[PDB]
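S.K.: Chains as they are written, first to last, in the deposited numbering: chain M, 417 to 464, 468 to 476; chain C, 1127 to 1175.
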Amino acid sequence: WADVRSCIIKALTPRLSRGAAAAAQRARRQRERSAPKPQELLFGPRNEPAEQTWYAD
Amino acid sequence: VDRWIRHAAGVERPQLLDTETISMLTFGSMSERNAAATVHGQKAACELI
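Printed below as a string of structure tokens:
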């Protein structure tokens, strides 16, 4: 009882967007960012991925 | 090369300031001591390329 409208199709349909590639670059620079020095802890602007949006059969 | 530079310039190492002393120093600290004797006055100069 599979379907063209299933969980994984609705999962990967937002992956096909342009913003998916942009946010993929943003997360790949975001999580892979080095530990900050105390200078930006003292004077630099501050930093900010809470819960996920899954699909299911 | 950092040890060679500190030897060539005469200035000593930091010799491992603690990170709380680092936040102290970026809060403000008087690191440089006074000289042996001054006859003219307090020193003043800077540098620009």
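The C-beta atom is built at its ideal place from N, Cα and C for all residues, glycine as well.
Relative to the alpha-carbon of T1152(C), which residue among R449(M), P454(M), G435(M), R434(M) has its alpha-carbon at the smallest distance?
M.R.: Nearest C-alpha to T1152(C): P454(M).
S.K.: Quick one: does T1147(C) have its CB under 7 Å from some CB of chain M?
M.R.: Cβ-Cβ to chain M under 7 Å: no for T1147(C).
S.K.: By alpha-carbon positions, which one of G1136(C), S1155(C), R1132(C) ends up nearest to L1143(C)?
M.R.: The shortest C-alpha separation from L1143(C) is found at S1155(C).
S.K.: Can you grab the Cα-Cα spacing for the pair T472(M) / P452(M), in whole Å?
M.R.: So the alpha carbons of these two residues sit roughly 30 Å apart.
S.K.: Indicate whether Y474(M) and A436(M) have their beta-carbon atoms separated by less than 7 Å.
M.R.: It is not a contact, given that the beta carbons lie outside the stated cut-off.
S.K.: For a contact meaning CB atoms closer than 9 Å, what does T1152(C) contact in chain M?
M.R.: Simply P454, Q455, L458, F459.
S.K.: To the nearest angstrom, how far is it from the Cα of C1172(C) to the Cα of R1132(C)?
M.R.: Each residue's alpha carbon lies about 20 Å from the other.
S.K.: Roughly how far, in whole angstroms, is the beta-carbon of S433(M) from the beta-carbon of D476(M), given that I think they are within contact range, below 8 Å?
M.R.: That pair is no contact at about 23 Å.
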